[PDB]
Amino acid sequence: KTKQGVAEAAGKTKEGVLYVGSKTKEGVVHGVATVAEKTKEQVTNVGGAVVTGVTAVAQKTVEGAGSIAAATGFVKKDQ
Amino acid sequence: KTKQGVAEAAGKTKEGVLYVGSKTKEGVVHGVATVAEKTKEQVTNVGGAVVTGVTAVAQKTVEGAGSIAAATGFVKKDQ
Amino acid sequence: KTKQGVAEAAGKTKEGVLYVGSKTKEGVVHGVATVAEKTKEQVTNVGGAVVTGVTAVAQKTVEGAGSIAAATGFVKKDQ
Amino acid sequence: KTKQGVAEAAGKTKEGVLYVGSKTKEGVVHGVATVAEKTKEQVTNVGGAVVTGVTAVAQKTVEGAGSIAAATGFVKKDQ
Amino acid sequence: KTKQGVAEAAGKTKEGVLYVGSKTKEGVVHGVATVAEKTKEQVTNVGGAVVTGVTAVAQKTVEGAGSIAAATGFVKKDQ
Amino acid sequence: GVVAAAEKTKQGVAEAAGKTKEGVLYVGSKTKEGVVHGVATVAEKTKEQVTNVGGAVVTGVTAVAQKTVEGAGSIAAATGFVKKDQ
Amino acid sequence: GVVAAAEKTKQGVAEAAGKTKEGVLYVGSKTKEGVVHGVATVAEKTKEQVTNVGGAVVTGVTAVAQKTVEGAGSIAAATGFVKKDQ
Amino acid sequence: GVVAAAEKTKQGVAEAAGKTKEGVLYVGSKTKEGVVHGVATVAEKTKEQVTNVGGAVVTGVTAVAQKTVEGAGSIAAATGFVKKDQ
Amino acid sequence: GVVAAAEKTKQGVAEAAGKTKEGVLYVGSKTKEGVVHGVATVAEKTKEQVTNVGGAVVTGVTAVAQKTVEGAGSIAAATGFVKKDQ
Amino acid sequence: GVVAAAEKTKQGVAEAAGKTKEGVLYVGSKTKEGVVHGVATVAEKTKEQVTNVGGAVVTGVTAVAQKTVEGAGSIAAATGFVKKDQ
Ligand SMILES: Cc1cccc(C)c1NC(=O)Cn1nc(Cc2ccccc2)c2ccccc2c1=O
Ligand SMILES: Cc1cccc(C)c1NC(=O)Cn1nc(Cc2ccccc2)c2ccccc2c1=O
Ligand SMILES: Cc1cccc(C)c1NC(=O)Cn1nc(Cc2ccccc2)c2ccccc2c1=O
Ligand SMILES: Cc1cccc(C)c1NC(=O)Cn1nc(Cc2ccccc2)c2ccccc2c1=O
Ligand SMILES: Cc1cccc(C)c1NC(=O)Cn1nc(Cc2ccccc2)c2ccccc2c1=O
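Residue numbers (PDB author numbering), protein chains in the order written: chain B, 21 to 99; chain D, 21 to 99; chain H, 21 to 99; chain F, 21 to 99; chain J, 21 to 99; chain G, 14 to 99; chain C, 14 to 99; chain A, 14 to 99; chain E, 14 to 99; chain I, 14 to 99.
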């Protein structure tokens, strides 16, 4: 047997109130906040890559080799 | 046997109130907020890539190799 | 046997109120909010890619290799 | 047997209130906040990569070798 | 047997209130805050990489060798 | 006097505002005002006797959540002679 | 006098504002005002006797959450002769 | 007098503001005002006797959370003759 | 007199402000005002007798959290003759 | 007189401000004002007798957390004849 990333909960009682709960989070992006007030942005681009926004990426993969979650704002000229 | 990313909950009682719950989150993007107030943006682009918006990407894959979740704002000229 | 991303819940009682629930989230984009107030945007584009909007992408795939969830604002000139 | 990243909780009682809970977090990005007020940004780009935004990437992978979670703002010209 | 990164909790009682909880955090980025007020930024880029934003990357991998979590603001010209 | 001008351009925006007053705004926010959450009570053998004569009595397992804007929130009020003139 | 000008450009923005007053804003925030969370009570054999004559009594397991803006929040108030003139 | 100008440019921004007053803002923040969290009580054999005559009594397991803006928050108030003139 | 100018540039920003007043702002912050957290009480055999005549009594396990802005926060107040003239 | 200028550049920023007043700001900070944390009480056999006549009594296990801005925070106040003229 093999357990990986397993949340387990068990409870037992006779009389009363019993609560059992389990939660799991894998590759989760939570709570991203961004505020821009009275911001001046001047961009001149000639053949390049410019990123000024908000990017939130969450990736979960099984048996995946060589995977890329995020690739933001790049110039690639491989030969 | 093999368990991966498994949420398990068990409860037992005789008299009363019993609550059992299980939750699972894999590759989940939650709670993204963005505010732009009185913002000035001037962009001049000639053959490039400019990104100024909001991007939220969530990807879950099984047996997937070489997968890319997000690729934002790039210039690719591979030969 | 093999379990992956499985939410399990079990409950037992004799007299009273019993609640059993299970939830699963895979590749889910939840809660994206964006506000733009009194925002000035001037864009001049000549043969390029400009992105200023809101993008929310959720992808779930099984046995998929080389899959791309989102590709936003790019210039591709592969030979 | 083998346990890795496992959260386990067990409780037992006869009369009263009993609460059992388990939580797991793997590759989770939580609580990112950014504020820009009265900020001036002037960017001139010629064939390069400029990144000025907010990037939040969370990646969880199993049996994945050579994986890259985030690659932001780079110029690649491999031969 | 082998245990690695395992949180375990057990409780027993007869009468009263009993609470049992377990939490696990692996590769988690939590609580990142950034404020820029009245900031002036002037950038001139010619074929390089400039990064001025906020980057938060969290990666959890199992059986993954040679993995890179974050690679921000680099110029690569390998032959 | 508030003046905004833009002349001899390709793309031009000119905005002029005399007086401006912003308002309250919520974006992806959660609020909880007067909320009762997660109350558990277990009783086996309770003997309760109440003898009330012209009064307010609150007895037993009580869970009250109140949210008032322009009024008063009370649970038990045994008063008398409440008058408002003009 | 507030003047903003922009002449002989390709992209130009000119904004002029006399008086400005910002407001309150929430972005991805959580608030809890008057919140009761996680109350557990266990009682086996409780004997309770109440004799109330013209008063306010609060008895037993009580969980009260109150949020008031322009009023008073009370649990037990045994008063008399409340008057507001004009 | 507030003047902002920008002439003979390619990209130009000119903003002029006479008076400005910022406001309160929350970004990814949590607030707790008047919050009761995690109260556990165990009682086996409690004998309680209350004899109230024209008063306010609060008895037993009580959990009260109050948040008031322009009012008073009280638990037990046994007063009399409350008057507001004009 | 406040003047800001920018001439003969490629990218130019000119901002002029007469009077400015910043506000309060929270970024990724937590606040706790009037919070009761983690109260545990165990009682086996408690005998309690209360005889109240025109007063305020608070008895037993009590957990009170209060947050007031423009008012008074009291637990037990046995007063009389409260008047506000004009 | 406040003047800021920038001439004959490639990238130029000119800002002029007459009067400026900064505000309070929190970044990744935690605050605790009037907080009760971690109170444990164990009682086996307690005998309590209270005889109150026109007064305020607080009895037993009490946990009070108060946060007031423009008011008074009291636990037990047995007063009389409170008047505010004009
Ligand atoms: C809660 C409670 C219980 C028993 C004894 C008392 C004194 C209180 N407290 C209050 O009534 C506080 N109050 N007073 C007034 C003014 C007023 C009160 C009574 C009669 C005439 C005028 C009021 C007016 C408009 C909207 C709200 C309110 C408010 O909330
Ligand atoms: C809570 C309580 C219980 C028993 C005894 C007392 C004194 C109090 N405290 C208060 O009533 C505080 N108060 N007073 C006034 C003014 C007022 C009160 C009574 C009658 C006429 C005017 C008031 C007016 C408008 C909105 C709120 C309020 C408020 O909240
Ligand atoms: C809590 C309590 C219990 C019993 C005895 C007392 C004195 C107090 N304390 C207060 O009532 C404090 N107070 N007073 C006033 C003024 C006022 C009070 C009574 C009658 C007429 C005017 C008030 C007005 C408007 C909104 C709030 C308030 C407030 O909060
Ligand atoms: C808490 C308490 C219990 C019993 C005895 C006392 C003296 C106190 N203390 C206070 O009432 C303090 N106070 N006073 C006043 C002024 C005022 C009070 C009573 C009647 C008329 C005016 C007040 C006005 C507006 C908002 C708050 C308040 C406040 O908070
Ligand atoms: C706590 C307490 C208990 C019993 C006896 C006393 C003296 C105190 N102390 C105070 O009331 C302190 N105080 N006083 C005043 C002024 C004032 C008080 C009563 C009546 C009329 C005016 C006040 C006004 C507005 C907001 C707060 C306050 C405040 O807090």
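Where a beta carbon is used, it is the ideal one built from N, C-alpha and C, also for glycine.
Runs of beta strand (DSSP E) with 3 or more residues, each lying fully within the segment 20-65 of chain G, are found at 24-34, 38-40, listed in chain order. A check of alpha carbon separations from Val15 of chain A across C:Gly41, C:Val55, C:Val95, C:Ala30 identifies C:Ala30 as the nearest. Between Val26 of chain A and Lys58 of chain B, the C-beta spacing is not below 8 Å. One finds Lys60, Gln62 in chain D with Cβ atoms closer than 9 Å to the Cβ of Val26 of chain A, taken in chain order. A contact is defined here as three or more CB-CB pairs under 8 Å, and the segment 86-93 of chain H fails this definition with respect to the segment 40-55 of chain B. Using a Cβ-Cβ cut-off of 8 Å, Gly41 of chain E counts as an interface residue toward chain J, since at least one Cβ of chain J sits closer than that to its own.
Sorted by position in the chain, I:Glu83, I:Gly84, I:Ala85, I:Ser87, I:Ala90, I:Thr92, I:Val95, I:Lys97 make up the residues whose C-beta lies under 6 Å from a heavy atom of ligand 5.
Where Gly93 of chain F is concerned, the enclosing beta strand (DSSP E) starts and stops at 88-96. Two segments are said to touch when three or more pairs of C-beta atoms, one from each, lie closer than 8 Å; by this definition the segment 73-87 of chain B touches the segment 67-83 of chain D. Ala85 of chain F carries a coil assignment under DSSP once its states are collapsed to helix, strand and coil.
Between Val63 of chain B and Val66 of chain D, the CB-CB gap reaches or exceeds 8 Å. DSSP places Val70 of chain A inside the beta strand (DSSP E), whose first and last residues are 69-71.
Around the beta carbon of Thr72 of chain I, a 10 Å sphere encloses 16 or more other beta carbons of the protein chains shown; the residue is thus reported as buried. Within the same chain, and ignoring the five residues on either side of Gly68 of chain F in sequence, the residues whose Cβ sits closer than 8 Å to its Cβ are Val95.
The straight-line gap separating the alpha-carbon atoms of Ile88 of chain G and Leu38 of chain F is approximately 30 Å. Inter-residue distance for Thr54 of chain B and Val40 of chain A is about 7 Å (C-alpha atoms, whole angstroms). At a cut-off of 8 Å, the C-beta of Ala56 of chain C has no neighbouring C-beta in chain F. Between the alpha carbons of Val70 of chain C and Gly36 of chain F lies a gap of roughly 27 Å. Taking the Cα positions, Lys32 of chain I is about 16 Å away from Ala17 of chain A. Interface annotation, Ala76 of chain J: not in contact with chain I, CB-CB separation never under 8 Å. By the neighbour-count definition (other C-beta atoms within 10 Å, threshold 16), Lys23 of chain B is a buried residue.
For the 8 Å CB-CB criterion, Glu28 of chain C and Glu28 of chain G form a contact. For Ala53 of chain J, the C-beta contacts it makes with chain E under 7 Å involve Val40, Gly41, in order along the chain. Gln99 of chain G sits in coil when the DSSP states are folded into three classes, being neither helix nor strand.
Apart from the 5 residues on each side of it in sequence, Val52 of chain C sits with its Cβ closer than 6 Å to the Cβ of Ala76 in its chain, given in chain order.
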